[PDB]
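Participant: Here you go, one structure.
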Amino acid sequence: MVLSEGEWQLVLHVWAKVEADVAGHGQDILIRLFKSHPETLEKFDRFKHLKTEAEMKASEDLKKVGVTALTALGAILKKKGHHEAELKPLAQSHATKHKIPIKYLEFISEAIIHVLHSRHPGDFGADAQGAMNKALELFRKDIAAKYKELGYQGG
Ligand code: HEM
């Protein structure tokens, strides 16, 4: 399934650690994204009054958005590449409604790997990082193809 079975197992092993605290992981990933690439914050209209990390962590709205997003990503990862039916609506909303370039999906992928390694280093070594990188690369490639199918280059 594009990745090897062993690679998918490493992806899902670390994902199980994410699932012990989806809300906290989602908050940390978003905060890391906004800190590393501040232009991404402009895409979230309801979060622009959040000026500090503590304000972001206190926002129930932001926490809920993060949980919804990681839940969708987890459902995609669990399909081990067989994710067309789950990925198509996500592509539609992110291309046409939120207007998210593929580069921003690279930025959030970086943030995901950063948070996963920060929290779970003993379960996220080099081989697991490589597997997760391949899984997110596949996600980004397939969503870029769906963007094009909808008439969006995603640049
Ligand atoms: C792993 C990558 C991502 C996943 C799995 C994901 C998933 C989701 C899901 C499931 C939703 C709720 C339904 C929807 O509107 O589609 C959502 C909302 C949204 N996403 Fe993403 N997303 C990702 C990346 C991004 C990035 C990188 C940005 C911006 C830099 C972004 C911006 C937004 C915005 C603005 C919303 C609307 C939130 C709201 O108003 O409630 N997404 N995302």
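Residue 1 is the first one shown; counting continues down the chain.
Even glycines carry a Cβ here, placed using N, Cα and C.
Swiss-Prot lists these features:
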type	residues	note
MOD_RES	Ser4	phosphoserine
MOD_RES	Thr68	phosphothreonine
BINDING	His94	heme b binding site
Participant: Rounded to the nearest angstrom, how far is the Cα of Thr68 (phosphothreonine) from the Cα of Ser4 (phosphoserine)?
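Facilitator: Cα to Cα, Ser4 (phosphoserine) and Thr68 (phosphothreonine) are separated by 28 Å.
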Participant: Tell me the Cα distance separating the residue listed as 'phosphothreonine' from the residue listed as 'heme b binding site', rounded to the nearest angstrom.
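Facilitator: About 14 Å separate the Cα atoms of these two residues.
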